[PDB]
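Some notes on the structure that comes next.
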Amino acid sequence: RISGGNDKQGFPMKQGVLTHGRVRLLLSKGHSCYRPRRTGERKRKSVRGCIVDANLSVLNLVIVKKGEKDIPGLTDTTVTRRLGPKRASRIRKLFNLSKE
Amino acid sequence: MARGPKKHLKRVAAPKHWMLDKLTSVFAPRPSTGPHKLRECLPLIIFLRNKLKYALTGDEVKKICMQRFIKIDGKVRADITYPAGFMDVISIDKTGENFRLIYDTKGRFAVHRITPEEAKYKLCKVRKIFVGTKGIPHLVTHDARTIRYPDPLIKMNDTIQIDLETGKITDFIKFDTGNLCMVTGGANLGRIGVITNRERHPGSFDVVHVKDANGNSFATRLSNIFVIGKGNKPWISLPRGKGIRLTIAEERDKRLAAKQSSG
Amino acid sequence: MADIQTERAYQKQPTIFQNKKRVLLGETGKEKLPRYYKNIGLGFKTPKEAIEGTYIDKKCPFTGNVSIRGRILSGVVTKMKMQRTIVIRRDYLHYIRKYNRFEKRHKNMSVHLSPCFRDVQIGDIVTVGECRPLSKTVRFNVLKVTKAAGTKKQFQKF
Amino acid sequence: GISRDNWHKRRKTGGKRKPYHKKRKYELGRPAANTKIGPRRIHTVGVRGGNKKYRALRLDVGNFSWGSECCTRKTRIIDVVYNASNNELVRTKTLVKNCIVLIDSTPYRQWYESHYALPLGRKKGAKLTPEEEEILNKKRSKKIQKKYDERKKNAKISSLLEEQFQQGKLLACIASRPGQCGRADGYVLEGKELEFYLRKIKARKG
RNA sequence: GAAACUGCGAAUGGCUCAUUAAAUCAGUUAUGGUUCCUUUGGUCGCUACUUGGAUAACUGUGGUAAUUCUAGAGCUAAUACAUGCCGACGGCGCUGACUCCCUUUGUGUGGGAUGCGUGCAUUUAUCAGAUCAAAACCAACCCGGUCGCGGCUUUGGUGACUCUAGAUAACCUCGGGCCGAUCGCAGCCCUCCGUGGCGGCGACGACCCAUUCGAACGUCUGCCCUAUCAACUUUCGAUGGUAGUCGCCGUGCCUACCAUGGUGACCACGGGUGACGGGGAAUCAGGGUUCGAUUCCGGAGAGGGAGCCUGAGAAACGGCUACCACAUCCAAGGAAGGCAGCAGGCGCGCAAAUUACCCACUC
């Protein structure tokens, strides 16, 4: 699956901008490509449209279905320990525990 | 510009009756928002530092209050700029002493020590009467206290007595002629006398005439009269000089004759 | 008098209602409208023509939606070409302290005059009290009219 | 943006005034609601002090009072017929205070017929007998006919309404502010108000 | 206990005097024409032994010459975000199958199966608000008594309300009003052996009254020079009326229709000011003349104009967006900016100090 990328000059792609060009948008709290420094801040800044072309610096991709072959390192390596749950109903839902 | 409320006070702008010096500083304590008006209170820091002298700096006041030693109207207060005012009681249980705020006859708060059985009640002037939902009657006092189910004889301008452990009404004095009062604003501030006439105007201000123990006469707007006793006798103990306001020539002559101030 | 609905919207007093039940009156009839009116306070008296009248005026002190508060003033009626409003003149002396002498000055007020006063003339004396702002330039409303302390309308027998 | 100040305009004498300061936020104004007939669409705005205000863009239904009978019920709004302030407001069907409107007569007719035990909106026997006669006549032990003199001796309605009920529509007046409350709500026209607006409606077009 | 999320503050303080002549400002009065974080006092009972999913710090992989630029992937919390019972419905009004008693109906009764609504806020309509002076007949009776006479009763308040409280018919905001799924100390009393609870001290939070701190709008009287400024304003709203829109609220504040007004020799309208207003300062027999950018109080403004987010409070500039004037970096694609704060520099001119030390004092 295609998950995004960066332009030349490093500008990110974002979903919903239906072009191969870059554009300037007034961003606000809750959009990607911005992080507000104050409550209620908005800033106007450059972003890239959704369509893939030869121009990109990098494409981001995620494997949604594995083949029969193994890709070296990327698909050989077994999963790490992660971190366990902390909300009480979450612990019951993981181990199928009774309400008592 | 002024885009919202202010939170500082310059020392030459502060109330005259606090008696602050000219040269230690630019600022004065801004009284905390509370039961009494900014012009009509005494901040707790000025009482502990400047009047009683238990502390030499504002930090020595802060570490008296944070130990929970100071009670106002029987409640512990940790705020150093809390707005105490007229008829309030301050108790200091660790040193074993009690005070009430009353005006000196020159128009400033005296220190006035009281016995522990007199530290159990205060006197309150009535500001408002109204009826709420389900027909329940309400009362409002000069110090923001709200009371439900007052006695239906208690009217505007009357004085009520309350016990501090429960906050409920015990007894009251009617506003009428021949009762004893104290003056709480204007040029006559801190004088005591009996009410002798009320003159009224429809729109604008009513005027009350008051008579002294020595037979002098004075007047003020009705908003400045506080009743303190039925007939001739007060319900509270009174400070040295008893509100008599002697003139500068009488004050000179007693100061020479009595030889007080280590003469 | 016989008609008052001269406007594009129907004219009535608020707080008055007419029952559409028990409507029978026989060969004759009586007033379908009771009248709303009030006391102003300050020792003024409500005119008979406000109680016995049929006019609609929302800015009226006696029969409309205004509160009389603050200053009470007087002046001389001097112009009345507007409708339900008049102009009055106020004259005074100003002291100039370098000299020991006075200077004559005047100001004008636009004021609201209701029906119930209907025989006012230029040179009559009028008493007024403050209201909320009633229009752009109007802040005062007529409480009493007189021609005491002066000569008659026509001859001395008036 | 839009503002409601007094200082942009001239004094009693006809003389100009110069600006004292820039525009302040407490001098603000906003665009009009222009409420239409249609299925409910309401939007809300934050106002000075942090309170909320409701603005109705479309309304289909309201609450109306028949003050003569002490009856009020939720009712459909059909059309607008007169506006004292401007004719473009009836040409474009916009709803505002003291506008004159047509409403569904049905819930008042159903209250009356079940309260008085008499017909109201009926033309001929084919719209009386075949159904719902059992609203009017039932077994009523010691409450059958004569005890309804408490009803029947005060039942007669005004001729101007009995002519409206047969067409299925009543005239009414809007008393709420729909652009400020979110509601369209008012009272049924009666008596000399009904005579006044029937003359004005007829004299404009008819 | 670093970091990060959440809460609060950043609208005060400090700097300057450009604009501004009934404007600002001062004394005097008013909200019965409005809003109000916090403090202080009222008020706080029409799956439930505890619900849902999802992100930051962190771990891991990157893009651009460049910034307090940020993208894709793997984990996990709540007083963040979103749901929602239990307990204490037993309300009281309206309907009225049937039933009982004096009188078949009507009219006086007492029961009564069964339905509907039923806290405070919100929008609209309706009702009641009690008091006064004097008799004589008639229907039916309160009541003392029996087949014609004596005697009466019910929120509060203002100079003044279309006030406050009460009753009736409906509405109701939902995703878009309240009625606690929260945190910390000491432990308890028992049809009681760790159970049913009830409870001591709090902390934090939220709808509504009243306070406190204010803010906003309005009343009366008060101003330097000028006629080589004598008439001015007016659907391009000028003055007023009726209905409405918008707004925290009164109001030509704005819109439609209508009227023809409003100010001036007691100086309007126009122009000037090396004009911010006041407390005040210099000089002075008595009366005066001149000054007040400047430590206290009020106003205005952050290069020039305009627009707007967040919030109880801003039309904010140590917030944001654009045009106009300046101007810094670049890999020429792009990115960033506002000392009339404290020190310091250039320019100007007769003309004005150190890029020092500290939160000990005052707040």
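Residues 2-207, in that order, are what chain D shows, numbered as in Swiss-Prot.
When the header is checked for method, it gives electron microscopy, 2.9 Å.
Cβ atoms here come from the backbone N, Cα and C positions, even for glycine.
Annotation source Swiss-Prot lists N-myristoyl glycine at D:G2, citing similarity to another entry. Annotation comment: Swiss-Prot describes D:8-26 as compositional bias 'Basic residues'. Under the heading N6-acetyllysine, Swiss-Prot lists D:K37, D:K128, citing similarity to another entry as support. Annotation comment: Swiss-Prot describes D:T130 as phosphothreonine, evidence class similarity to another entry. Swiss-Prot lists D:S160 with the feature phosphoserine. Look at Swiss-Prot and you will find D:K170, D:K193 tagged as SUMO2 cross-link, backed by similarity to another entry.
Positions of Swiss-Prot features highlighted on the structure.
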residue : record              : Cβ contacts under 8 Å, 6 or more apart
D:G2    : N-myristoyl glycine : D:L29, D:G30
D:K37   : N6-acetyllysine     : D:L58, D:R59, D:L60, D:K94, D:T95, D:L96
D:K128  : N6-acetyllysine     : none
D:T130  : phosphothreonine    : none
D:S160  : phosphoserine       : none
D:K170  : SUMO2 cross-link    : D:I79, D:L103, D:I104, D:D105, D:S106
D:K193  : SUMO2 cross-link    : none
Counts of helix, strand and coil residues, the compositional bias 'Basic residues' (D:8-26), according to DSSP: 1 helix, 0 strand, 18 coil
Chain C contacts among the recorded positions D:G2, D:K37, D:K128, D:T130, D:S160, D:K170 (Cβ under 8 Å): none
DSSP state at D:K193 (SUMO2 cross-link), helix/strand/coil: helix
